[PDB]
file run_13.txt (compact mmCIF, C-alpha atoms and all ligand atoms)
# COMPACT_ATOMS: atom_id res chain seq x y z
CA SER A 2 -10.50 24.43 27.37
CA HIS A 3 -11.66 27.92 28.36
CA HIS A 4 -8.43 29.71 28.63
CA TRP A 5 -5.37 27.76 27.59
CA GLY A 6 -2.84 26.53 30.01
CA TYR A 7 -0.94 23.36 30.90
CA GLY A 8 -3.63 21.43 32.73
CA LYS A 9 -5.41 18.20 31.72
CA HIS A 10 -8.38 20.18 30.56
CA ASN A 11 -6.70 23.12 28.75
CA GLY A 12 -3.25 21.80 27.93
CA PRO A 13 -1.25 21.57 24.78
CA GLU A 14 -3.41 18.77 23.29
CA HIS A 15 -6.36 21.12 23.30
CA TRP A 16 -4.78 24.23 21.87
CA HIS A 17 -5.62 23.49 18.27
CA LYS A 18 -9.33 24.13 18.95
CA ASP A 19 -8.70 27.88 19.57
CA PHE A 20 -5.41 28.10 17.61
CA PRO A 21 -5.61 25.89 14.53
CA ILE A 22 -2.05 26.78 13.59
CA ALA A 23 -1.11 24.38 16.38
CA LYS A 24 -1.21 21.60 13.73
CA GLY A 25 0.82 23.81 11.30
CA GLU A 26 3.89 22.91 9.15
CA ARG A 27 6.45 24.82 11.22
CA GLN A 28 5.55 24.28 14.87
CA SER A 29 7.96 24.19 17.79
CA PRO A 30 9.50 22.75 19.86
CA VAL A 31 11.04 19.71 18.06
CA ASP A 32 13.38 16.85 18.98
CA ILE A 33 16.94 17.55 17.71
CA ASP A 34 18.27 14.37 16.18
CA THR A 35 21.98 14.94 16.32
CA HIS A 36 22.88 12.41 13.72
CA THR A 37 20.50 13.90 11.14
CA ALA A 38 21.26 17.59 11.72
CA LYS A 39 23.34 18.92 8.80
CA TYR A 40 26.54 20.71 9.55
CA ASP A 41 26.41 23.94 7.48
CA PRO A 42 29.80 25.68 7.12
CA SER A 43 28.07 28.69 5.61
CA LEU A 44 26.48 29.56 8.96
CA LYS A 45 28.30 32.42 10.76
CA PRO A 46 29.11 32.60 14.48
CA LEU A 47 26.44 34.24 16.50
CA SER A 48 26.98 37.81 17.73
CA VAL A 49 25.39 38.50 21.12
CA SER A 50 25.79 42.16 22.23
CA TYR A 51 24.24 42.47 25.62
CA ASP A 52 26.66 44.84 27.35
CA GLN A 53 24.17 47.75 27.13
CA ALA A 54 21.13 45.69 28.15
CA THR A 55 18.54 47.51 30.32
CA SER A 56 16.25 45.22 32.32
CA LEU A 57 13.10 46.86 33.65
CA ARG A 58 10.70 44.51 35.32
CA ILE A 59 9.84 40.93 36.17
CA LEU A 60 6.24 39.78 35.73
CA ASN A 61 4.27 36.55 36.51
CA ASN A 62 1.91 36.38 33.41
CA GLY A 63 0.21 33.20 34.60
CA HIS A 64 2.17 30.88 32.34
CA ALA A 65 5.73 31.77 33.21
CA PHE A 66 7.70 34.75 34.50
CA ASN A 67 9.20 37.12 32.02
CA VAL A 68 12.11 39.52 32.66
CA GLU A 69 11.48 42.48 30.32
CA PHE A 70 14.03 44.80 28.73
CA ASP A 71 13.94 48.21 27.28
CA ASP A 72 13.76 47.59 23.44
CA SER A 73 13.28 51.21 22.34
CA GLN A 74 16.81 51.26 20.91
CA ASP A 75 19.53 48.88 19.89
CA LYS A 76 20.87 48.14 23.39
CA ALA A 77 20.86 44.34 23.62
CA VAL A 78 20.91 42.71 20.18
CA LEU A 79 21.57 39.46 18.48
CA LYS A 80 22.87 39.20 14.96
CA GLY A 81 24.94 36.86 12.85
CA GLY A 82 24.37 33.08 12.92
CA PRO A 83 21.59 32.35 10.42
CA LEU A 84 20.09 35.84 10.81
CA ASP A 85 19.95 38.74 8.45
CA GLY A 86 19.63 42.03 10.27
CA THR A 87 19.46 43.03 13.87
CA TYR A 88 17.22 41.56 16.46
CA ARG A 89 16.53 43.35 19.77
CA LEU A 90 16.02 41.48 23.01
CA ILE A 91 12.61 42.15 24.44
CA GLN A 92 12.23 39.55 27.24
CA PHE A 93 13.49 36.19 28.58
CA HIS A 94 11.59 33.47 30.39
CA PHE A 95 11.90 29.79 31.30
CA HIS A 96 9.96 26.54 30.98
CA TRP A 97 10.43 23.92 33.68
CA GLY A 98 9.22 20.76 35.14
CA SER A 99 7.75 19.27 38.25
CA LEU A 100 10.78 16.88 38.39
CA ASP A 101 14.32 17.19 37.29
CA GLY A 102 13.91 14.72 34.40
CA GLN A 103 11.60 16.99 32.48
CA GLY A 104 10.96 20.61 31.86
CA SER A 105 12.68 21.54 28.52
CA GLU A 106 10.61 22.08 25.38
CA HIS A 107 13.32 21.07 22.84
CA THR A 108 14.92 17.60 23.38
CA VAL A 109 18.21 16.34 22.12
CA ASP A 110 18.18 12.76 20.87
CA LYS A 111 14.97 12.51 22.95
CA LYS A 112 16.82 13.73 26.10
CA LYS A 113 14.76 16.18 28.18
CA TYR A 114 16.53 18.78 30.43
CA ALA A 115 15.23 20.24 33.71
CA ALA A 116 14.38 23.53 32.11
CA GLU A 117 14.82 25.72 29.10
CA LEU A 118 15.57 29.38 28.89
CA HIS A 119 14.23 31.47 25.99
CA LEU A 120 15.73 34.82 25.08
CA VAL A 121 13.22 36.47 22.77
CA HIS A 122 14.34 38.99 20.10
CA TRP A 123 12.48 40.82 17.31
CA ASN A 124 13.67 41.94 13.90
CA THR A 125 14.14 45.70 13.88
CA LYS A 127 13.13 46.03 10.24
CA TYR A 128 9.57 45.55 11.38
CA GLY A 129 9.52 48.51 13.83
CA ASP A 130 7.82 46.86 16.77
CA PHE A 131 7.21 43.41 18.31
CA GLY A 132 3.59 43.23 17.30
CA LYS A 133 4.45 43.70 13.61
CA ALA A 134 7.43 41.29 13.86
CA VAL A 135 5.31 38.31 14.95
CA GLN A 136 3.31 38.57 11.69
CA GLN A 137 6.44 37.84 9.56
CA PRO A 138 8.25 34.56 8.84
CA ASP A 139 11.64 36.04 9.95
CA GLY A 140 10.15 38.31 12.62
CA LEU A 141 11.66 36.73 15.75
CA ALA A 142 14.79 35.01 16.83
CA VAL A 143 14.71 32.94 20.01
CA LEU A 144 17.92 31.71 21.68
CA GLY A 145 17.11 28.56 23.61
CA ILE A 146 19.49 27.33 26.40
CA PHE A 147 18.97 24.15 28.29
CA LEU A 148 19.45 23.89 32.05
CA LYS A 149 20.66 20.78 33.77
CA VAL A 150 20.77 20.31 37.59
CA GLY A 151 24.26 20.39 39.01
CA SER A 152 26.24 23.38 40.31
CA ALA A 153 24.48 26.69 41.07
CA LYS A 154 24.57 29.38 38.47
CA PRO A 155 25.62 32.56 40.27
CA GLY A 156 24.15 34.85 37.62
CA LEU A 157 20.69 33.34 38.07
CA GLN A 158 20.43 34.04 41.78
CA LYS A 159 19.11 37.57 41.47
CA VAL A 160 16.20 36.10 39.52
CA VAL A 161 15.59 33.36 42.00
CA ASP A 162 15.52 35.76 44.88
CA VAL A 163 12.77 38.06 43.53
CA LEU A 164 10.34 35.22 42.79
CA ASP A 165 8.65 35.46 46.19
CA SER A 166 7.45 38.88 45.26
CA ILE A 167 5.70 37.78 41.98
CA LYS A 168 4.22 34.55 43.29
CA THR A 169 0.83 34.87 41.60
CA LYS A 170 -0.49 35.83 38.17
CA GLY A 171 -0.46 39.48 37.39
CA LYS A 172 2.19 40.44 40.01
CA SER A 173 5.22 42.41 38.83
CA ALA A 174 8.35 43.83 40.36
CA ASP A 175 10.95 46.36 39.36
CA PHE A 176 13.96 44.46 38.14
CA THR A 177 16.73 46.83 36.94
CA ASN A 178 20.36 46.29 36.29
CA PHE A 179 20.20 42.57 35.58
CA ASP A 180 22.86 41.45 33.09
CA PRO A 181 21.79 38.53 30.89
CA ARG A 182 25.36 37.72 30.06
CA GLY A 183 25.49 35.72 33.29
CA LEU A 184 23.08 33.19 31.73
CA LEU A 185 25.20 32.15 28.68
CA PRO A 186 27.18 28.96 28.39
CA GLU A 187 30.87 29.25 27.52
CA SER A 188 30.33 27.99 23.92
CA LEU A 189 27.93 29.51 21.40
CA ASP A 190 27.76 26.47 19.05
CA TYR A 191 24.17 25.92 18.00
CA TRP A 192 21.49 24.21 16.01
CA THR A 193 19.00 26.24 14.00
CA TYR A 194 15.65 25.64 12.32
CA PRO A 195 12.55 27.61 11.32
CA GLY A 196 9.75 27.28 13.88
CA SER A 197 7.08 28.99 15.91
CA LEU A 198 6.17 30.45 19.30
CA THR A 199 5.62 27.58 21.77
CA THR A 200 2.59 29.16 23.46
CA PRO A 201 -0.55 30.55 21.87
CA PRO A 202 -0.86 32.27 19.50
CA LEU A 203 1.71 29.74 18.15
CA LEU A 204 2.70 32.02 15.19
CA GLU A 205 5.29 30.62 12.80
CA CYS A 206 7.54 33.59 12.93
CA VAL A 207 10.62 32.26 14.72
CA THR A 208 14.15 31.36 13.69
CA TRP A 209 15.19 29.17 16.62
CA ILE A 210 18.83 29.14 17.75
CA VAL A 211 19.34 26.38 20.27
CA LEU A 212 22.67 26.20 22.01
CA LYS A 213 24.45 22.89 22.24
CA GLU A 214 25.96 23.48 25.68
CA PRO A 215 23.57 23.50 28.64
CA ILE A 216 24.07 25.68 31.73
CA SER A 217 23.98 24.14 35.20
CA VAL A 218 21.65 25.30 37.97
CA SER A 219 21.41 23.94 41.49
CA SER A 220 18.51 21.87 42.69
CA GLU A 221 17.62 24.66 45.15
CA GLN A 222 17.53 27.16 42.39
CA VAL A 223 15.05 25.18 40.31
CA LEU A 224 13.09 24.36 43.41
CA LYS A 225 12.31 28.06 43.78
CA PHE A 226 10.80 28.13 40.27
CA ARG A 227 8.35 25.42 41.24
CA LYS A 228 6.98 27.62 44.08
CA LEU A 229 5.38 30.02 41.70
CA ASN A 230 1.69 29.91 41.01
CA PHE A 231 -0.39 29.81 37.82
CA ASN A 232 -3.35 31.33 39.67
CA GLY A 233 -3.98 34.89 40.75
CA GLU A 234 -3.96 36.06 44.35
CA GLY A 235 -6.81 34.75 46.47
CA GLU A 236 -7.59 31.90 44.02
CA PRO A 237 -6.97 28.29 44.78
CA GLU A 238 -3.28 27.49 44.52
CA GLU A 239 -1.98 25.72 41.48
CA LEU A 240 1.81 25.46 41.39
CA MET A 241 3.48 26.69 38.22
CA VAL A 242 5.22 23.46 37.00
CA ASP A 243 5.45 21.58 33.71
CA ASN A 244 4.74 24.70 31.60
CA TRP A 245 6.39 23.11 28.51
CA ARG A 246 4.88 22.05 25.17
CA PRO A 247 5.93 18.61 23.92
CA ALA A 248 7.92 18.11 20.74
CA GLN A 249 6.01 18.60 17.44
CA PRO A 250 6.57 16.86 14.07
CA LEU A 251 9.50 18.14 12.05
CA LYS A 252 7.62 17.89 8.75
CA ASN A 253 9.48 19.33 5.84
CA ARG A 254 12.28 20.98 7.84
CA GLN A 255 16.03 20.46 8.25
CA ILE A 256 17.93 21.23 11.40
CA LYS A 257 21.31 22.81 10.62
CA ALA A 258 24.31 22.64 12.99
CA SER A 259 26.98 25.39 13.27
CA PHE A 260 29.50 22.74 14.35
CA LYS A 261 30.63 19.24 13.64
HG HG B 301 4.72 34.77 11.44
ZN ZN B 302 9.38 29.94 25.77

call {"tool": "encode", "arguments": {"input": "run_13.txt", "output": "structure tokens", "more": "lines below"}}
Ligand SMILES: [Hg+2]
Ligand SMILES: [Zn+2]
result
Amino acid sequence: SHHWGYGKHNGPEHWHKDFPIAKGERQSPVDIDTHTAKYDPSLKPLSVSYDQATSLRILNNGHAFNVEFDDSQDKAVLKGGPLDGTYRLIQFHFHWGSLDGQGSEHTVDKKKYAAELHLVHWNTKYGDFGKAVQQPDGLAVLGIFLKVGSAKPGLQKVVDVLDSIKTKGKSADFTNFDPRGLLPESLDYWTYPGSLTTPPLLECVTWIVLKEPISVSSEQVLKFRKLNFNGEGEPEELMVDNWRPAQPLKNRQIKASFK
């Protein structure tokens, strides 16, 4: 190791040495076995209210690129589904692969997608993000798979700014981006209790993974693979394969909102 990453020497199989919770009882991602997920008719439809979303900035943090939102008020929230209370969007980011046949963190019946989008929200009852991650119901992550096919118009503004945040630590102003353009048509989902997928790997997440993938074009995903893990003036290491493999389900049940 040294600092964690996705390489041979500091990749997911090493994390447990600095972050023992890596071998925990509620680690993510998982494989979603569709024939073993339990339909639960008591789950409510999700409620995504992103019409007042305020994006602020896009940042290359060395492991992905995050688009950050103003979370000082209830502007872009998620509620409903399996959640109690209101969760505010704080940031979204992707995980992707070096090839189109891999890239997602969750799998479906062992199927891997080209990428996976995570919309990260935190439970307002805890007052701030940093307090939320210390609680079992502190975050709610919506995960959306991407397959390669048609271009997604609403992703192009993201794609286009990537050249300006090529290396670790770079940021760019990124206002007026509407995350509604990244949702599939259907909001049917699976849900289970899990964790963050990067260190510190805290088990504070209710995952909501959407059944329906979105399509992106090959060119679009190609632009993701041009980013760098390294900082400026360091030897170039392309930012690819920044996904953690599926972890054991252990004593958990995946619930479906649909049949
Ligand atoms: Hg936690
Ligand atoms: Zn993620």

call {"tool": "residues_near_ligand", "arguments": {"input": "run_13.txt", "ligand": "ligand HG 301 (chain B)", "cutoff": "10 Å", "atoms": "only C-alpha atoms and all ligand atoms", "output": "number ranges by chain"}}
result
A: 133-141, 196-198, 203-207

call {"tool": "closest_residue", "arguments": {"input": "run_13.txt", "among": "A:125, A:208, A:199, A:188", "to": "ligand ZN 302 (chain B)", "atoms": "all atoms listed in the file"}}
result
A:199

call {"tool": "atom_distance", "arguments": {"input": "run_13.txt", "atom1": "atom CA of residue A:222", "atom2": "atom CA of residue A:51"}}
result
23.7 Å

call {"tool": "residues_near_ligand", "arguments": {"input": "run_13.txt", "ligand": "ligand ZN 302 (chain B)", "cutoff": "9 Å", "atoms": "all atoms listed in the file", "output": "list in words"}}
result
residues 65, 93, 94, 95, 96, 106, 117, 118, 119, 120, 121, 143, 145, 198, 199, 200 and 245 of chain A

call {"tool": "atom_distance", "arguments": {"input": "run_13.txt", "atom1": "atom CA of residue A:159", "atom2": "atom CA of residue A:73"}}
result
24.2 Å

call {"tool": "closest_residue", "arguments": {"input": "run_13.txt", "among": "A:202, A:38, A:6, A:255", "to": "residue A:25", "atoms": "only C-alpha atoms"}}
result
A:202

call {"tool": "build_atoms", "arguments": {"input": "run_13.txt", "residues": "stretch 6-32 of chain A", "atoms": "N, CA, C and O atoms", "output": "compact mmCIF listing (two decimals), in the frame of the given file"}}
result
# COMPACT_ATOMS: atom_id res chain seq x y z
N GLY A 6 -3.81 26.65 28.93
CA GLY A 6 -2.84 26.53 30.01
C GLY A 6 -2.08 25.20 29.82
O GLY A 6 -1.89 24.76 28.66
N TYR A 7 -1.65 24.60 30.96
CA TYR A 7 -0.94 23.36 30.90
C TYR A 7 -1.65 22.26 31.67
O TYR A 7 -0.98 21.26 31.93
N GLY A 8 -2.94 22.46 31.99
CA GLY A 8 -3.63 21.43 32.73
C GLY A 8 -4.14 20.32 31.83
O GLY A 8 -4.12 20.41 30.61
N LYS A 9 -4.79 19.33 32.46
CA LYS A 9 -5.41 18.20 31.72
C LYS A 9 -6.51 18.71 30.83
O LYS A 9 -6.71 18.16 29.77
N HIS A 10 -7.23 19.73 31.31
CA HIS A 10 -8.38 20.18 30.56
C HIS A 10 -8.12 21.32 29.55
O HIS A 10 -8.93 21.59 28.70
N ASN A 11 -6.96 21.99 29.62
CA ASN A 11 -6.70 23.12 28.75
C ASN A 11 -5.25 23.17 28.23
O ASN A 11 -4.87 24.22 27.69
N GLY A 12 -4.62 22.00 28.32
CA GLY A 12 -3.25 21.80 27.93
C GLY A 12 -2.94 21.72 26.45
O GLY A 12 -3.80 21.89 25.65
N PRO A 13 -1.69 21.48 26.12
CA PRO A 13 -1.25 21.57 24.78
C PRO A 13 -2.11 20.78 23.80
O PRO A 13 -2.27 21.23 22.61
N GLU A 14 -2.61 19.58 24.25
CA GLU A 14 -3.41 18.77 23.29
C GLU A 14 -4.75 19.37 22.91
O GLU A 14 -5.45 19.05 21.97
N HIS A 15 -5.14 20.45 23.63
CA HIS A 15 -6.36 21.12 23.30
C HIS A 15 -6.19 22.36 22.46
O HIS A 15 -7.17 23.01 22.07
N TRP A 16 -4.97 22.89 22.41
CA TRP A 16 -4.78 24.23 21.87
C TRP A 16 -5.36 24.43 20.49
O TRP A 16 -5.73 25.53 20.05
N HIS A 17 -5.22 23.36 19.70
CA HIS A 17 -5.62 23.49 18.27
C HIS A 17 -7.07 23.94 18.08
O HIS A 17 -7.42 24.52 17.09
N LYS A 18 -7.93 23.73 19.07
CA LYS A 18 -9.33 24.13 18.95
C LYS A 18 -9.47 25.67 18.91
O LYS A 18 -10.27 26.20 18.17
N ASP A 19 -8.64 26.41 19.65
CA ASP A 19 -8.70 27.88 19.57
C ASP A 19 -7.67 28.38 18.59
O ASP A 19 -7.82 29.51 18.16
N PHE A 20 -6.56 27.63 18.39
CA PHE A 20 -5.41 28.10 17.61
C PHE A 20 -5.06 27.03 16.61
O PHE A 20 -4.21 26.19 16.86
N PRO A 21 -5.76 26.98 15.47
CA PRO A 21 -5.61 25.89 14.53
C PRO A 21 -4.19 25.74 14.02
O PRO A 21 -3.79 24.63 13.55
N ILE A 22 -3.44 26.86 14.05
CA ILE A 22 -2.05 26.78 13.59
C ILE A 22 -1.22 25.82 14.45
O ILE A 22 -0.10 25.45 14.09
N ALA A 23 -1.79 25.40 15.59
CA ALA A 23 -1.11 24.38 16.38
C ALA A 23 -0.73 23.14 15.55
O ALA A 23 0.15 22.36 15.92
N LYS A 24 -1.47 22.84 14.49
CA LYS A 24 -1.21 21.60 13.73
C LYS A 24 -0.50 22.03 12.46
O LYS A 24 -0.58 21.41 11.44
N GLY A 25 0.11 23.19 12.45
CA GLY A 25 0.82 23.81 11.30
C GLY A 25 2.06 23.03 10.83
O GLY A 25 2.44 22.03 11.44
N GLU A 26 2.69 23.56 9.78
CA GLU A 26 3.89 22.91 9.15
C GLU A 26 5.20 23.35 9.79
O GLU A 26 6.22 22.78 9.42
N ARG A 27 5.18 24.42 10.61
CA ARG A 27 6.45 24.82 11.22
C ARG A 27 6.31 25.12 12.73
O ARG A 27 6.78 26.12 13.18
N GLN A 28 5.76 24.15 13.46
CA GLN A 28 5.55 24.28 14.87
C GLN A 28 6.77 23.78 15.66
O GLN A 28 7.66 22.98 15.19
N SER A 29 6.87 24.44 16.86
CA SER A 29 7.96 24.19 17.79
C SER A 29 7.36 23.73 19.13
O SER A 29 6.20 24.07 19.37
N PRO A 30 8.11 23.08 20.04
CA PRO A 30 9.50 22.75 19.86
C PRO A 30 9.53 21.45 19.01
O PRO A 30 8.43 20.93 18.67
N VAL A 31 10.74 20.94 18.75
CA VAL A 31 11.04 19.71 18.06
C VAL A 31 12.09 18.94 18.85
O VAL A 31 12.84 19.49 19.64
N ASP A 32 12.22 17.63 18.53
CA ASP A 32 13.38 16.85 18.98
C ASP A 32 14.57 17.10 18.03
O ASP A 32 14.35 17.03 16.84
